[PDB]
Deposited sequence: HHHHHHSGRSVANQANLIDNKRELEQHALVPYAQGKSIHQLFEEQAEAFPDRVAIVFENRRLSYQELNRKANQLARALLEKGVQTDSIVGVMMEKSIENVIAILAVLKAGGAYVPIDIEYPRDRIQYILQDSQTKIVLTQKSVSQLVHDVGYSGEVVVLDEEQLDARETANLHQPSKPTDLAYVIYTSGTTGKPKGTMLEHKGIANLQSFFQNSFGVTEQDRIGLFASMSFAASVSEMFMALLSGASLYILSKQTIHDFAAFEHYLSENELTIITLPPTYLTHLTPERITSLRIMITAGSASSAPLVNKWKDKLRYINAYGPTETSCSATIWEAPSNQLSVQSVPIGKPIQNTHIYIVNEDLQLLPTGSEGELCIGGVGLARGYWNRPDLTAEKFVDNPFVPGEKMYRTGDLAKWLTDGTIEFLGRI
């Protein structure tokens, strides 16, 4: 690789390394409950053994219909450890959207919990259902499994809707690269306390989760109640001394910097209209303006707002992150000089395999990269231009 990362390693192997190195550090917190790395790894290994007995193997698509909880994290790690891919089903979605996704994914096994079991019955799922908080796993072996795995294996499938819902197929490789990117560029260490803002069916939530779990850091799962009340959100971050959070700009605009002291890095996805937000926070923490679709593992470019500088008027999306490439091209995929507007196309290790059972759309969006023969590049449909200082400005849709 151009920039070193843990090549040849799967997501669960990177987690197992952290669990070995920091067994007693806190791994996940949800309300009054918490698990250390060792307790989390042990529980995930027991469930992984049960999943293996049910047929979970390479590229098996395991549906997950669970609350934003510690059990959902155990389920994710267990699916990965068994060698399968997890497909989170957003339990807030209307019944018909869940039914469409279940049918499209063709999943033969759904992992759920007691409080979500009636929803699984109501969506009429006829495959195998494992109710995790009804499964007797406490007697199973707790050691790591060591199932065969390659970084090109499917790790997860994220569904999103814009026509019909489509599943983006993400492999282990991009998340392994993001582990090194977060450690290098965000300074992530085991001392960090990371808030999980997004619900676990969103690709950005999977990314936030592994930003903590692949570095020995703690992940604080923020409840719906904490998020719904701005004062409660500020108090939760302050009480628990959270150091990293990724938020949407529309949520960040309601927060008071004085009420949050502990944050060392804040990541958000905005453009020029977020200049007042950047100017307000850039001097209080490391402000990161990030850009990256699900199709490239939720990361593509970053711009850290220079702190010791006068107010900015424009907010770029920055430069490509390690082992990724950005191209600004015209309709014929020809490169454009500075100042010329074109389509943002992304290459490199974060690229999705494609869209689940959508071969024509996959071929249309993940095209041959003419600049790096033998590789693909993703056509974002986003308009952008290079600035002469070498940063990219986001301009909307093509």
{"query": "Stretches with no C-alpha position, numbering per deposited sequence from 1", "finding": "1 to 27, 190 to 191"}
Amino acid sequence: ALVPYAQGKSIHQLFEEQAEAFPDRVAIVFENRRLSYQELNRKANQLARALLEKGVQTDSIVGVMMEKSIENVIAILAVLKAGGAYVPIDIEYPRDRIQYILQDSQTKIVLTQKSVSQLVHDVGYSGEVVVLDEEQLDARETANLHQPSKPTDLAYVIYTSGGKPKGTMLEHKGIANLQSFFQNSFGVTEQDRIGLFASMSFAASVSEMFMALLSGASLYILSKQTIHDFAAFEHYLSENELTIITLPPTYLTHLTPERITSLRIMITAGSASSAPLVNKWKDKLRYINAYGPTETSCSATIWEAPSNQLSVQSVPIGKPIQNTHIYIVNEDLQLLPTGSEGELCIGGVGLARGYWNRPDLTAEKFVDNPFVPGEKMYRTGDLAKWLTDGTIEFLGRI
From here on, numbers count along this sequence of modelled residues.
| property | result |
| --- | --- |
| Which of 117 to 125 and 131 to 139 has higher mean CA B factor, as the PDB entry lists it | 131 to 139 |
| Higher-scoring stretch by recorded Cα B factor average, 347 to 355 or 52 to 60 | 52 to 60 |
| Residue selected from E208, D192, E171, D229 by maximal Cα B factor | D229 |
| Residue, from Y220, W303, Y251, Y327, that the PDB entry assigns the highest Cα B-factor | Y251 |
| Ranked C-alpha temperature factor of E92 among modelled chain residues, by third | highest |
| CA B-factor ranking of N45, expressed as a third of its chain | middle |
| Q334 by Cα B-factor - lowest, middle or highest third of the modelled chain | lowest |
| For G84, the third of its chain into which the C-alpha B factor falls | middle |
| Modelled-residue ranking by C-alpha temperature factor, third containing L145 | highest |
